[PDB]
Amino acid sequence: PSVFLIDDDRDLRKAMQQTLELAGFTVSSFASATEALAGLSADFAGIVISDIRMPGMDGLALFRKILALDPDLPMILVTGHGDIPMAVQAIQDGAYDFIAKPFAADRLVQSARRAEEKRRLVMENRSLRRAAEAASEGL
C-alpha cells in the first residue's frame, strides 16, 4: 500500500510517516500540496493524506484537483478541531474521510487502511473490466 502524505508541520509529518511505514505503507511525504499533486494520476494505486491547511495550496484545493483527476482516488484530510465542519463538508463533497488532531497512531492507521482498501478494490475492479473487454475484443 502507498500513501502521499502532505503536512506543513515537519515534526508531525515525520511522526505520521513513521507510523504509516511501521504499519506497512510505502510513504512519500511532501511539505507542499503542489509537489504532491504533480505525482498523482488516475493510475495512482495509493491514497492521499493531507492537512486541510497549508501556507500555499491548501488541503481543499488539493482535494478539488484530485476529484477532477479521479474521484475514486481517496483523500483523507487531517484537521484541527476548529476546521472539522469544513472537513465534514468536504466529505459530503467527495473527500474520503478526515482525522482530527491530536490523533493516536493506531487511529491514523485504521483510517488509512480503510482508504487503501477502497483504492485496492477500485483498481481491482478496473483491472477486471479491462480483462473482460480485452477478452471480448479478442473473441
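A residue's number is simply how far along the shown sequence it sits, counting from 1.
Q: Identify the stretch, either 4 to 12 or 129 to 137, whose C-alpha atoms have the larger mean B-factor according to the entry.
A: Mean CA B-factor is higher for 129 to 137.
Q: Which is higher on average in the deposited entry, the C-alpha temperature factors of 88 to 96 or of 37 to 45?
A: It is 37 to 45.
Q: From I52, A105, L73, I76, pick the one with the largest CA B-factor in the entry?
A: Among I52, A105, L73, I76, the PDB entry lists the largest C-alpha B-factor for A105.
Q: Going by the recorded CA B-factors, say which third of the chain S28 sits in, lowest, middle or highest.
A: For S28, whose C-alpha B-factor we compare with every modelled residue in the chain, the answer is the middle third.
Q: Per the entry's values, where does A112 land by CA temperature factor relative to the rest of its chain, in the lowest, middle or highest third?
A: Its C-alpha B-factor belongs to the lowest third of this chain's values.
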